[PDB]
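Starting off, we have a lone chain in the form deposited in one PDB entry, written out as structure tokens.
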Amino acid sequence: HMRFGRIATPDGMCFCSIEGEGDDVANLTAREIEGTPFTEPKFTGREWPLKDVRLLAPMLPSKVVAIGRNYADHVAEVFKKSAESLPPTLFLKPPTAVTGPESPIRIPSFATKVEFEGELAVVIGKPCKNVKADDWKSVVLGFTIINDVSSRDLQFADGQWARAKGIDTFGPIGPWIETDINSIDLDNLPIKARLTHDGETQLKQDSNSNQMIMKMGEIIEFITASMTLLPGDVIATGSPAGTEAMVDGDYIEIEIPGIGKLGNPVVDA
């Protein structure tokens, strides 16, 4: 039922549990675990307070499998078409896209109209194939947040979204993995995003997972019909409406209550 993370120390890296109230690192402690999150936790006895170390992406996924066009109004705002013509579709982000909390989103000069995309993410906890929708929870280790960073201009030019969504640092994940799955109600879970631009912060996405076109069980069944998923794999369940372009100097913060906050500065590469 813990929250699992990865940290870097003046020493070296490790998995950890994160303990402390709500979510403000100054109030947070990281307790080293012996192995990986995939078996009952062997704690070392070592802890640092979170402020004293650096939170990383909580996992190094073999792959990042994403559902595109899973929120009707997001389809509308991005493609300027109603969702009926443009159904949810599977795509991949490379592991090299992955980055952690507070890490910069590094935009290359050829990547324009780059938007954030706050999304609920699911971390797989066991090898699985041909999973039935209603059995979905059986394969999930926990929930986390992803920012599915996307160059709109590349998406449109390229046709295949892969490059547009797969540039280095285009996949912030974190801040940790919430394994208390039943604390999270998919029929009622808010997804928010706040963009700081020119020193001023505004609410951009403000929706709920209950707006998903393809529901959680359906997603897992859909994916695993085609591909085997492994422990550590991440599934991005789609972005709600409200996304917009970012530039050097901005800061973007995704919030999912019950999980926490995922924040990143934005810079030119």
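Numbers for residues come from their place in the sequence shown, where the first is 1. For clarity, a rigid core is taken as the largest C-alpha set superposing within 1.5 Å between two forms.
Separately, the form deposited in another entry exists; it is not shown, and the next lines address it.
- Only 242, out of 61, 242, 37, 238, shows a C-alpha shift of 2 Å or more between the shown form and the other one on alignment of the rigid core.
- Once the cores line up, the CA of residue 253 ends up less than 2 angstroms apart between the shown form and the other one.
- In a rigid-core overlay of the protein, residue 228 has its C-alpha displaced by under 2 Å between the shown form and the other one.
- In a rigid-core overlay of the protein, residue 27 has its C-alpha displaced by at least 2 Å between the shown form and the other one.
- One change in the other entry concerns residue 256 and residue 242, whose Cα atoms lie at least 3 Å farther apart than in this form.
- Compared with the form shown here, the Cα atoms of residue 241 and residue 90 move at least 3 Å closer together in the other entry.
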